[PDB]
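Report on one structure; see the data block that follows.
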Amino acid sequence: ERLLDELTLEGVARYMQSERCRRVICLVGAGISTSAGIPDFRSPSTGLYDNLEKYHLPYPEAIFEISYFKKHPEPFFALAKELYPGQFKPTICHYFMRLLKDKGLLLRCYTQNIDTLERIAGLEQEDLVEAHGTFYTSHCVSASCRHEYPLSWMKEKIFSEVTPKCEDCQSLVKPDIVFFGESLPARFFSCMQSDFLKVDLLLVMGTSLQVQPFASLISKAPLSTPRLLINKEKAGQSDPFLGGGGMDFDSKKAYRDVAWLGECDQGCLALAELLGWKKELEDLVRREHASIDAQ
Ligand SMILES: [Zn+2]
């Protein structure tokens, strides 16, 4: 009756190695990068919030909001400095997605992350929907100019605590991220519309599936499409307070959703192992990590 012969990682792996499974969509968030040293905590530290008193954040979460950024960009850039990763070394999970690409299985990775690690791990623009943008590029905010700045330039401005200004026109230079309160890129919707007609497996990793419309992507999968969540905790289930498309891992009616609870790296390693890809993944990670360490 169902595509997965059992609702387990082993069932998913067997399905992936069947003719049924050609196209995998990954949906990822911050949990895929915590083992890269990027914590899934994005609020200012207490010290930072207190340091920002003079910018009169109307509420502490205003630092994520575009309206507030347009009034005072400095809190955001101070937060960016505090949160700036010390290194950009993608995780086992990222490289697992690279293997999906290498093996012709990756239809798309929809990421909420802004840390650029998917790109470093070798997912290309075509493979990616950076649903909430990225720090990979920044732009002058003036439509008349739109000068593009690489992350190296933005990094230098962030760490020097210099509000980044465009060299051509002295406008603010904003990382290409989607602030809270901003609309998602057209690419998100265009790709969603096409990709979810084609998906054979949804692999959801490292996200609490709280932010919309990203979280609603799970409901865009065809009813038959297996959905594997690799995450520290179950996410994406229906909200019992509302009374769609929620994950059903555990009811009597469950037929296609699998939760593997633990570290994304460990889940991807376990899945890779079941697929016969563990050595390939280990070798890829080790060489890429070595290369990044040697930068
Ligand atoms: Zn400019």
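Chain labels follow the order of the structure tokens: the first chain is A, the next B, and so on; residue numbering restarts at 1 in every chain, and ligands are counted from 1 in their shown order.
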Sorted by chain and rising residue number, which residues of chain A lie within 7 Å of ligand 1, and what are their closest atom pairs and distances in Å to one decimal, counting only C-alpha atoms and all ligand atoms, as JSON lines?
```
{"residue": "A:140", "atom": "CA", "partner": "ligand 1", "partner_atom_place_in_ligand_line": "1 (Zn)", "distance": 4.5}
{"residue": "A:141", "atom": "CA", "partner": "ligand 1", "partner_atom_place_in_ligand_line": "1 (Zn)", "distance": 6.8}
{"residue": "A:142", "atom": "CA", "partner": "ligand 1", "partner_atom_place_in_ligand_line": "1 (Zn)", "distance": 5.8}
{"residue": "A:145", "atom": "CA", "partner": "ligand 1", "partner_atom_place_in_ligand_line": "1 (Zn)", "distance": 4.5}
{"residue": "A:146", "atom": "CA", "partner": "ligand 1", "partner_atom_place_in_ligand_line": "1 (Zn)", "distance": 5.5}
{"residue": "A:147", "atom": "CA", "partner": "ligand 1", "partner_atom_place_in_ligand_line": "1 (Zn)", "distance": 5.1}
{"residue": "A:166", "atom": "CA", "partner": "ligand 1", "partner_atom_place_in_ligand_line": "1 (Zn)", "distance": 4.5}
{"residue": "A:167", "atom": "CA", "partner": "ligand 1", "partner_atom_place_in_ligand_line": "1 (Zn)", "distance": 6.4}
{"residue": "A:168", "atom": "CA", "partner": "ligand 1", "partner_atom_place_in_ligand_line": "1 (Zn)", "distance": 4.8}
{"residue": "A:169", "atom": "CA", "partner": "ligand 1", "partner_atom_place_in_ligand_line": "1 (Zn)", "distance": 4.2}
{"residue": "A:170", "atom": "CA", "partner": "ligand 1", "partner_atom_place_in_ligand_line": "1 (Zn)", "distance": 5.9}
{"residue": "A:171", "atom": "CA", "partner": "ligand 1", "partner_atom_place_in_ligand_line": "1 (Zn)", "distance": 5.3}
```
Keeping only N, CA, C and O atoms, write those residues as a PDB file, in the first residue's frame.
```pdb
ATOM      1  N   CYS A 140      24.812  46.418  -1.759  1.00  0.00           N
ATOM      2  CA  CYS A 140      24.361  47.778  -1.581  1.00  0.00           C
ATOM      3  C   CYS A 140      22.849  47.824  -1.697  1.00  0.00           C
ATOM      4  O   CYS A 140      22.264  47.224  -2.601  1.00  0.00           O
ATOM      5  N   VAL A 141      22.213  48.511  -0.748  1.00  0.00           N
ATOM      6  CA  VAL A 141      20.756  48.526  -0.673  1.00  0.00           C
ATOM      7  C   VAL A 141      20.132  49.532  -1.620  1.00  0.00           C
ATOM      8  O   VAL A 141      18.897  49.593  -1.689  1.00  0.00           O
ATOM      9  N   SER A 142      20.930  50.323  -2.349  1.00  0.00           N
ATOM     10  CA  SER A 142      20.384  51.295  -3.290  1.00  0.00           C
ATOM     11  C   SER A 142      20.107  50.613  -4.623  1.00  0.00           C
ATOM     12  O   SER A 142      21.014  50.064  -5.249  1.00  0.00           O
ATOM     13  N   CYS A 145      22.327  51.240  -7.564  1.00  0.00           N
ATOM     14  CA  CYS A 145      23.730  50.846  -7.498  1.00  0.00           C
ATOM     15  C   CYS A 145      23.887  49.340  -7.398  1.00  0.00           C
ATOM     16  O   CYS A 145      24.492  48.720  -8.278  1.00  0.00           O
ATOM     17  N   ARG A 146      23.392  48.754  -6.311  1.00  0.00           N
ATOM     18  CA  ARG A 146      23.303  47.300  -6.177  1.00  0.00           C
ATOM     19  C   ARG A 146      24.676  46.637  -6.265  1.00  0.00           C
ATOM     20  O   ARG A 146      24.789  45.454  -6.598  1.00  0.00           O
ATOM     21  N   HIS A 147      25.731  47.354  -5.908  1.00  0.00           N
ATOM     22  CA  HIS A 147      27.050  46.737  -5.888  1.00  0.00           C
ATOM     23  C   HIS A 147      27.026  45.480  -5.025  1.00  0.00           C
ATOM     24  O   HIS A 147      26.456  45.469  -3.930  1.00  0.00           O
ATOM     25  N   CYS A 166      28.597  51.001   1.006  1.00  0.00           N
ATOM     26  CA  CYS A 166      29.015  50.729  -0.350  1.00  0.00           C
ATOM     27  C   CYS A 166      30.125  51.681  -0.761  1.00  0.00           C
ATOM     28  O   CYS A 166      30.073  52.881  -0.503  1.00  0.00           O
ATOM     29  N   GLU A 167      31.146  51.124  -1.406  1.00  0.00           N
ATOM     30  CA  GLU A 167      32.247  51.946  -1.873  1.00  0.00           C
ATOM     31  C   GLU A 167      31.856  52.814  -3.051  1.00  0.00           C
ATOM     32  O   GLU A 167      32.491  53.848  -3.279  1.00  0.00           O
ATOM     33  N   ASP A 168      30.827  52.424  -3.798  1.00  0.00           N
ATOM     34  CA  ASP A 168      30.437  53.204  -4.959  1.00  0.00           C
ATOM     35  C   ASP A 168      29.553  54.375  -4.571  1.00  0.00           C
ATOM     36  O   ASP A 168      29.656  55.452  -5.159  1.00  0.00           O
ATOM     37  N   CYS A 169      28.674  54.179  -3.602  1.00  0.00           N
ATOM     38  CA  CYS A 169      27.663  55.182  -3.331  1.00  0.00           C
ATOM     39  C   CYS A 169      27.424  55.442  -1.856  1.00  0.00           C
ATOM     40  O   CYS A 169      26.631  56.329  -1.535  1.00  0.00           O
ATOM     41  N   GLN A 170      28.104  54.757  -0.953  1.00  0.00           N
ATOM     42  CA  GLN A 170      28.003  54.987   0.488  1.00  0.00           C
ATOM     43  C   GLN A 170      26.659  54.594   1.077  1.00  0.00           C
ATOM     44  O   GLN A 170      26.358  54.941   2.232  1.00  0.00           O
ATOM     45  N   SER A 171      25.842  53.873   0.331  1.00  0.00           N
ATOM     46  CA  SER A 171      24.653  53.295   0.927  1.00  0.00           C
ATOM     47  C   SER A 171      25.045  52.134   1.828  1.00  0.00           C
ATOM     48  O   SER A 171      26.146  51.590   1.748  1.00  0.00           O
TER      49      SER A 171
END
```
Any chance you could tabulate, as a tab-separated table, the residues of stretch 106-224 of chain A at most 10 Å from stretch 35-47 of chain A with each one's nearest atom pair and distance in Å to one decimal, using only C-alpha atoms, in chain and rising number order?
```
residue	atom	partner	partner_atom	distance
A:115	CA	A:38	CA	8.3
A:117	CA	A:36	CA	8.9
A:206	CA	A:40	CA	9.4
A:207	CA	A:40	CA	9.5
```
> Near residue A:273, within 10 Å and counting only C-alpha atoms, which residues show up once chain neighbours fewer than 6 positions away are dropped, as a PyMOL selection string?
Replying inline: chain A and resi 10+13+267+279-281
>> Please extract the residues of stretch 9-255 of chain A with a backbone DSSP assignment of alpha helix (DSSP H) and present them as a VMD selection string.
In response: chain A and resid 9 to 16 46 to 51 66 to 71 74 to 83 92 to 102 117 to 120 151 to 159 186 to 195
Output file for the residues above (C-alpha atoms, as an mmCIF file, in the first residue's frame):
```
data_model
loop_
_atom_site.group_PDB
_atom_site.id
_atom_site.type_symbol
_atom_site.label_atom_id
_atom_site.label_comp_id
_atom_site.auth_asym_id
_atom_site.auth_seq_id
_atom_site.Cartn_x
_atom_site.Cartn_y
_atom_site.Cartn_z
ATOM 1 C CA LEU A 9 15.818 4.327 8.246
ATOM 2 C CA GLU A 10 16.432 0.866 6.791
ATOM 3 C CA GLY A 11 13.139 1.138 4.950
ATOM 4 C CA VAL A 12 14.101 4.540 3.630
ATOM 5 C CA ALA A 13 17.477 3.297 2.435
ATOM 6 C CA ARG A 14 15.892 0.349 0.655
ATOM 7 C CA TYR A 15 13.447 2.739 -0.963
ATOM 8 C CA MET A 16 16.247 5.052 -2.059
ATOM 9 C CA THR A 46 22.622 39.198 27.353
ATOM 10 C CA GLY A 47 25.726 41.341 27.110
ATOM 11 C CA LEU A 48 24.983 42.240 23.515
ATOM 12 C CA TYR A 49 21.332 43.049 24.168
ATOM 13 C CA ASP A 50 22.396 45.328 27.023
ATOM 14 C CA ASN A 51 25.067 46.901 24.822
ATOM 15 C CA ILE A 66 13.468 44.210 8.518
ATOM 16 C CA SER A 67 11.417 47.162 9.759
ATOM 17 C CA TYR A 68 13.734 47.614 12.695
ATOM 18 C CA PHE A 69 16.827 47.012 10.571
ATOM 19 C CA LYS A 70 15.721 49.845 8.309
ATOM 20 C CA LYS A 71 15.512 52.107 11.347
ATOM 21 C CA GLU A 74 23.710 48.474 13.917
ATOM 22 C CA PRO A 75 22.045 45.911 16.231
ATOM 23 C CA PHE A 76 21.861 43.420 13.401
ATOM 24 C CA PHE A 77 25.500 43.896 12.522
ATOM 25 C CA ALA A 78 26.545 43.613 16.162
ATOM 26 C CA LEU A 79 24.591 40.388 16.373
ATOM 27 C CA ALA A 80 26.218 39.249 13.152
ATOM 28 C CA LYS A 81 29.612 39.897 14.702
ATOM 29 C CA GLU A 82 28.705 37.910 17.802
ATOM 30 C CA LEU A 83 27.348 35.035 15.721
ATOM 31 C CA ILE A 92 28.779 15.259 7.532
ATOM 32 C CA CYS A 93 25.143 16.096 6.853
ATOM 33 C CA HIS A 94 26.097 18.760 4.331
ATOM 34 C CA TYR A 95 28.419 16.334 2.595
ATOM 35 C CA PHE A 96 25.695 13.721 2.597
ATOM 36 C CA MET A 97 23.703 16.153 0.508
ATOM 37 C CA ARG A 98 26.718 16.568 -1.735
ATOM 38 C CA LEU A 99 26.689 12.810 -2.195
ATOM 39 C CA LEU A 100 23.019 12.986 -3.105
ATOM 40 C CA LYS A 101 24.031 15.504 -5.737
ATOM 41 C CA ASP A 102 26.935 13.394 -6.938
ATOM 42 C CA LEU A 117 27.872 25.785 4.238
ATOM 43 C CA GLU A 118 25.770 24.163 1.552
ATOM 44 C CA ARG A 119 27.756 26.049 -1.053
ATOM 45 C CA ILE A 120 31.049 25.183 0.571
ATOM 46 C CA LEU A 151 31.506 37.524 2.220
ATOM 47 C CA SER A 152 35.186 38.391 2.782
ATOM 48 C CA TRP A 153 34.329 42.089 2.477
ATOM 49 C CA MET A 154 31.276 41.802 4.692
ATOM 50 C CA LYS A 155 33.260 39.818 7.259
ATOM 51 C CA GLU A 156 35.834 42.573 7.516
ATOM 52 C CA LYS A 157 33.133 45.201 8.060
ATOM 53 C CA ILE A 158 31.341 43.052 10.631
ATOM 54 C CA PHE A 159 34.381 42.304 12.742
ATOM 55 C CA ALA A 186 10.635 34.257 -6.148
ATOM 56 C CA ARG A 187 12.932 31.275 -6.609
ATOM 57 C CA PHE A 188 11.462 29.684 -3.500
ATOM 58 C CA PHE A 189 7.980 29.660 -4.958
ATOM 59 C CA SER A 190 8.992 28.824 -8.526
ATOM 60 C CA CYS A 191 11.077 25.880 -7.387
ATOM 61 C CA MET A 192 8.450 24.737 -4.887
ATOM 62 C CA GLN A 193 5.830 24.705 -7.623
ATOM 63 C CA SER A 194 7.952 22.537 -9.879
ATOM 64 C CA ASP A 195 9.939 20.415 -7.470
#
```
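Residues surrounding residue A:130 within 10 Å are residues 28, 109, 110, 111, 112, 113, 114, 116, 118, 125, 134, 176, 177, 178, 184, 185, 187 and 188 of chain A [only C-alpha atoms; sequence separation below 4 positions excluded].
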>> Excluding residue A:205 and its own-chain neighbours fewer than 4 positions away, which residues fall within 8 Å of it when counting only C-alpha atoms? Please give them as a VMD selection string.
In response: chain A and resid 26 to 29 31 to 32 229 to 231 264
Suppose we keep C-alpha atoms; can you now write the selection as a CSV table (one decimal), in the first residue's frame?
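Wrote it out as result-v4.csv, contents follow:
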```csv
chain,number,residue,atom,x,y,z
A,26,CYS,CA,16.1,18.1,1.3
A,27,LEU,CA,14.7,20.7,3.7
A,28,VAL,CA,17.3,21.8,6.2
A,29,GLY,CA,17.7,24.3,8.9
A,31,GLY,CA,20.4,21.9,13.2
A,32,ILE,CA,22.5,20.8,10.3
A,229,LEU,CA,13.1,13.6,9.5
A,230,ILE,CA,16.6,13.5,10.9
A,231,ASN,CA,16.5,15.8,13.8
A,264,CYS,CA,22.0,15.1,11.9
```
>> Using DSSP assignments from the backbone, pull out every residue in stretch 24-240 of chain A that falls under strand (DSSP E or B) and give it to me as a PyMOL selection string.
In response: chain A and resi 24-28+65+106-111+128-130+133-140+148-150+165+172-177+180+201-205+227-231+237
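For the set A:217, A:197, A:274, A:143, the residue with the smallest atom-to-atom gap to residue A:172 is A:143, counting only C-alpha atoms.
Residues within 10 Å of residue A:226, counting only C-alpha atoms and excluding same-chain residues fewer than 5 positions away, are residues 2, 3, 4, 7, 11, 12, 15, 21, 24, 199, 200, 201, 202, 203, 221, 255, 256, 257 and 258 of chain A.
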With N, CA, C and O atoms retained, export the selected residues as a compact mmCIF listing (two decimals), in the first residue's frame.
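The result, written out as part_12.txt:
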```txt
# COMPACT_ATOMS: atom_id res chain seq x y z
N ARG A 2 2.14 1.12 0.37
CA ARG A 2 3.00 2.27 0.64
C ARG A 2 4.39 2.06 0.05
O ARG A 2 4.84 0.93 -0.16
N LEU A 3 5.08 3.18 -0.17
CA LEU A 3 6.37 3.12 -0.83
C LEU A 3 7.45 2.59 0.10
O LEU A 3 8.37 1.90 -0.35
N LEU A 4 7.37 2.89 1.38
CA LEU A 4 8.34 2.37 2.32
C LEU A 4 7.89 1.01 2.81
O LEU A 4 6.76 0.85 3.26
N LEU A 7 8.71 1.68 8.26
CA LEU A 7 8.91 3.08 8.64
C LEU A 7 10.14 3.20 9.53
O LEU A 7 10.07 3.47 10.72
N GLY A 11 14.15 1.09 5.99
CA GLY A 11 13.14 1.14 4.95
C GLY A 11 13.40 2.27 3.98
O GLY A 11 13.23 2.15 2.77
N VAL A 12 13.79 3.42 4.51
CA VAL A 12 14.10 4.54 3.63
C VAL A 12 15.26 4.21 2.72
O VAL A 12 15.23 4.49 1.52
N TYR A 15 14.23 1.99 0.00
CA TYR A 15 13.45 2.74 -0.96
C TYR A 15 14.33 3.59 -1.85
O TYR A 15 14.12 3.69 -3.06
N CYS A 21 12.71 5.60 -6.44
CA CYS A 21 13.26 6.80 -5.82
C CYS A 21 14.33 7.41 -6.71
O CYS A 21 15.47 6.93 -6.75
N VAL A 24 15.24 13.44 -4.68
CA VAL A 24 15.19 13.71 -3.26
C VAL A 24 15.21 15.20 -3.09
O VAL A 24 16.03 15.89 -3.70
N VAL A 199 9.03 15.02 -6.48
CA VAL A 199 9.83 14.51 -5.39
C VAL A 199 9.43 13.09 -5.05
O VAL A 199 8.24 12.77 -4.92
N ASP A 200 10.44 12.24 -4.85
CA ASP A 200 10.23 10.87 -4.41
C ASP A 200 10.56 10.67 -2.95
O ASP A 200 10.15 9.67 -2.37
N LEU A 201 11.33 11.57 -2.36
CA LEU A 201 11.69 11.45 -0.97
C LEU A 201 11.95 12.84 -0.47
O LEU A 201 12.68 13.61 -1.11
N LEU A 202 11.38 13.16 0.67
CA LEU A 202 11.64 14.41 1.34
C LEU A 202 12.51 14.08 2.53
O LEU A 202 12.14 13.25 3.36
N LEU A 203 13.67 14.71 2.61
CA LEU A 203 14.59 14.49 3.70
C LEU A 203 14.69 15.80 4.43
O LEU A 203 15.21 16.78 3.89
N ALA A 221 4.45 17.93 -0.45
CA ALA A 221 4.83 16.65 -0.99
C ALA A 221 3.57 15.87 -1.37
O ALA A 221 2.55 15.95 -0.69
N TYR A 255 2.24 5.91 7.60
CA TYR A 255 2.56 5.08 6.45
C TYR A 255 3.77 5.55 5.68
O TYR A 255 4.20 4.81 4.80
N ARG A 256 4.32 6.73 5.95
CA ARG A 256 5.37 7.21 5.06
C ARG A 256 6.37 8.13 5.75
O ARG A 256 7.33 8.54 5.11
N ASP A 257 6.12 8.51 7.00
CA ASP A 257 6.97 9.47 7.69
C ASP A 257 7.81 8.72 8.70
O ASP A 257 7.29 7.89 9.44
N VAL A 258 9.09 9.02 8.70
CA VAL A 258 10.05 8.35 9.56
C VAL A 258 10.81 9.41 10.29
O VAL A 258 11.26 10.37 9.67
```
> What's the 7 Å shell around residue A:247, counting only C-alpha atoms, without same-chain residues fewer than 2 positions away, as a ChimeraX atom specification?
Replying inline: /A:236-238,245,249,257
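For the pair atom CA of residue A:164 and atom CA of residue A:73, the separation is 9.6 Å.
With distances taken over only C-alpha atoms, A:180 is the one residue among A:254, A:180, A:208, A:291 lying closest to residue A:63.
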Quick one: which stretch 56-103 of chain A residues come within 9 Å of stretch 286-290 of chain A, and what is the nearest atom pair for each with the distance in Å to one decimal, counting only C-alpha atoms, rows ordered by chain and ascending number, as CSV?
```
residue,atom,partner,partner_atom,distance
A:89,CA,A:289,CA,6.3
A:90,CA,A:289,CA,7.8
A:91,CA,A:289,CA,8.8
A:95,CA,A:288,CA,8.8
```
Saved selection, atoms kept: C-alpha atoms, as a tab-separated table (two decimals), in the first residue's frame:
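The result, written out as part38.tsv:
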```tsv
chain	number	residue	atom	x	y	z
A	89	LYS	CA	33.53	23.65	7.62
A	90	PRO	CA	30.37	21.89	6.45
A	91	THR	CA	29.17	18.90	8.35
A	95	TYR	CA	28.42	16.33	2.59
```
